[PDB]
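S.K.: Can you look at this? It's an experimental structure, sequence on top.
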Amino acid sequence: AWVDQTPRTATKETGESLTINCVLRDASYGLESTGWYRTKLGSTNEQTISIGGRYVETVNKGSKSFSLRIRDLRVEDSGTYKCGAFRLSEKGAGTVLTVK
């Protein structure tokens, strides 16, 4: 299978928002758990994102689509975002977000 993450690059600016879009492709099973991971520009440590507030996730299992809008972008938010589809992860290749 694979996850189809989009866009592969977003240089947004501060105050703006970002919607990353994932879809579970060519997979015989449906969509179950989902998950997002920042890698803060600075470190190699990939860290789970905890959905709430500025980050708002929308899941359409059925179309195997899921999505994260990050509202009110800060400079602190620049980094590489990956989504995860679980039933074994399988992960999109990420969005290199660059802010301000």
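M.R.: Sure, I can see it. Residues are numbered from 1 along each chain as shown.

S.K.: Next up, the contacts around the residue sitting furthest away from the middle of the chain.
M.R.: Farthest-out residue of the chain from its mean C-alpha position, per Cα atoms, centre = their mean: residue 28, at 22.2 Å. By Cβ atoms under 8 Å, 6 or more residues apart in numbering, the contact set of residue 28 is residue 1. Every C-beta, even on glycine, is put in place using the N, C-alpha and C of the backbone.

S.K.: Please enumerate the strands of this protein.
M.R.: Secondary structure of the chain (DSSP state E): strands at 2-6, 9-10, 18-25, 34-38, 47-48, 55-60, 65-70, 79-85, 90-91, 95-97.

S.K.: Not counting its own residues, what contacts the second one?
M.R.: Just to be clear, that refers to strand 9-10. By Cβ under 8 Å, 6+ apart, the surrounding residues in contact with strand 9-10 are 18, 20, 95-98.

S.K.: try 10 Å this time
M.R.: 16, 18-20, 70, 73, 81, 94-99 (Cβ atoms under 10 Å, 6 or more residues apart in numbering).

S.K.: likewise the last one?
M.R.: Surrounding strand 95-97, the residues in contact under the criterion Cβ under 10 Å, 6+ apart are 5-12, 18-22, 38-39, 41, 68, 70, 73, 77-83.

S.K.: swap the cut-off to 6 Å and go again
M.R.: Residues from elsewhere that reach strand 95-97, judged by Cβ atoms under 6 Å, 6 or more residues apart in numbering: 7, 9-10, 18, 20, 78, 80-81.
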